[PDB]
K.L.:
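Here it is: the structure, laid out below.
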Protein chains: 2
Amino acid sequence: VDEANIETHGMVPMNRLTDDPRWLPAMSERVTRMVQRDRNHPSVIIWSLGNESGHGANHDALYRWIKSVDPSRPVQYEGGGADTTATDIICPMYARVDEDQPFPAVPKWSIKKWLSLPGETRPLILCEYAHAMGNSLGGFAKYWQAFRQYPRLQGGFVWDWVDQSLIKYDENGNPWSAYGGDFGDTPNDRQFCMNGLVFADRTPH
Amino acid sequence: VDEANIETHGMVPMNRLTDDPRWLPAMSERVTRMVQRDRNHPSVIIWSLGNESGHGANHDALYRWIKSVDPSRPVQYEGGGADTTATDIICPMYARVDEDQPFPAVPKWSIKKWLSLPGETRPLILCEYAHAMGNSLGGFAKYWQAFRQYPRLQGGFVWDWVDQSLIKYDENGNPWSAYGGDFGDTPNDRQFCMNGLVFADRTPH
């Protein structure tokens, strides 16, 4: 799944830029250059419009642009609540199997519910699920139970492959794994950089 | 829900008569006379084509006839596997909440699965569910949990209201409740006549 380099996650609201005409040139270049570059790979199955940037008109536009230019692949976008008109696939992040999380504005349904909501005909693939933050993946089996049982639950992507930790050294010259804040970077989000299935040295959790 | 007086349950296969042109006159009269009779009631919400008679061409025809003549109500039919083209409502019998029962030919999906099957857009209402045979209704809460959670699960009908037992008398002139076989009727299906929420005397289980 090949994602455009666009994430405006820290904006308030998230789509402050992606629903703003003036940034559409910037965004368009990011998307269009990506597509032109990777157009010919066979491994690339799905185009993604980016990540967590809310849902704005610029997404709708760029969705359509890709569909126009490369009709051979499907386009995915989770921002806006997984199921806006700028996605071919219902694609949500950390939606639970049997539990609805009715957030104001952008409710996050259970994946089983989501499929059946009046009008939903698309496939559902979990953009991000199962948050592997250290000692985790509890209940992982539930997802795979569901994936096998339901036809339109077509899998998903575990978050994520490898811990984003950095090596620092102690006074003896020994190396150790550093997380947010350990370089004097402040504010930071501490251990949240490490959510891998494998360690940074590619040994496995 | 007003049902036409048609059930060919004991046929082999069940639709032996209902897919046979020559019985279409008989069937049509049953349906059409019913509709003409009860057309004007406000309590009548749904027309039903009958019960457990498989799925044959005669159902398709009669479905259409009703739709033509009384477009103000919806038409329901469970035979054939709850979701044939002769029904406006996915309407199944004893489909379990979270358990698929993949029967040859006419699989009976879990109701949660059923809603989401590629192409299903209709509402789902359980023709018959929760079989109240004596000391029963175990797990009833699961249905109502589901009904409240999913938008297209719109309830169902419990099977059933009152025990079909008959009074017989002993040598002292005392009355007692009789079930299949107690009148010398053989073969019979014994206690299966009693599946009520209330007793035949309308006291409650």
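Per chain, numbering begins at 1; letters A, B, ... match sequence-line order. Keep in mind that the numbers below use all heavy atoms, side chains included, and drop hydrogens, waters and symmetry copies.
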K.L.:
With rounding to the nearest 0.5 angstrom, report the CG to OG distance, A:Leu124 to B:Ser116.
P.N.:
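Reported value, rounded in 0.5 Å steps: 10.0 Å.
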
K.L.:
Counting heavy atoms not belonging to B:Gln145, are there more than 12 under 6.0 Å from its CD?
P.N.:
yes

K.L.:
Return the CG to NZ distance between A:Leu115 and B:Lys112, rounded to the nearest 0.5 Å.
P.N.:
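Those atoms lie 12.5 Å apart.
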
K.L.:
Please output the residues of residues 8-31 of chain B in contact with chain A, using a heavy-atom cutoff of under 4.5 Å, in numerical order.
P.N.:
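Hits under 4.5 Å: none found.
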
K.L.:
Inspect the surroundings of CG in B:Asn174 and state if more than 12 heavy atoms from other residues, nucleotides or ligands are less than 6.0 Å away.
P.N.:
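Yes, the 6.0 Å shell around CG holds more than 12 heavy atoms from other groups.
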
K.L.:
For A:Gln149 and B:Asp98, work out which heavy atoms get closest and say how close.
P.N.:
NE2-O, 4.1 Å

K.L.:
Taking atom NZ as the centre, does A:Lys142 end up with more than 12 heavy-atom neighbours from other residues, nucleotides or ligands that are less than 6.0 angstrom away?
P.N.:
no

K.L.:
Considering non-hydrogen atoms only, spot the tightest contact between A:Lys113 and B:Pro151 and give its length.
P.N.:
CE-CD, 3.9 Å

K.L.:
Calculate, to the nearest 0.5 Å, the distance between atoms CG and OH belonging to A:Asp100 and B:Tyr150 respectively.
P.N.:
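A:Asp100 CG to B:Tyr150 OH: 7.5 Å, rounded to 0.5 Å.
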
K.L.:
What do you reckon, is CH2 of B:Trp176 surrounded by more than 12 foreign heavy atoms closer than 6.0 Å?
P.N.:
yes

K.L.:
What are the residues of residues 35-73 of chain B, in order of number, with any heavy atom under 4.5 angstrom from a heavy atom of chain A?
P.N.:
none

K.L.:
Counting only heavy atoms not in B:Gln164 (residues, nucleotides, ligands), do more than 12 fall under 6.0 Å from its CD?
P.N.:
no

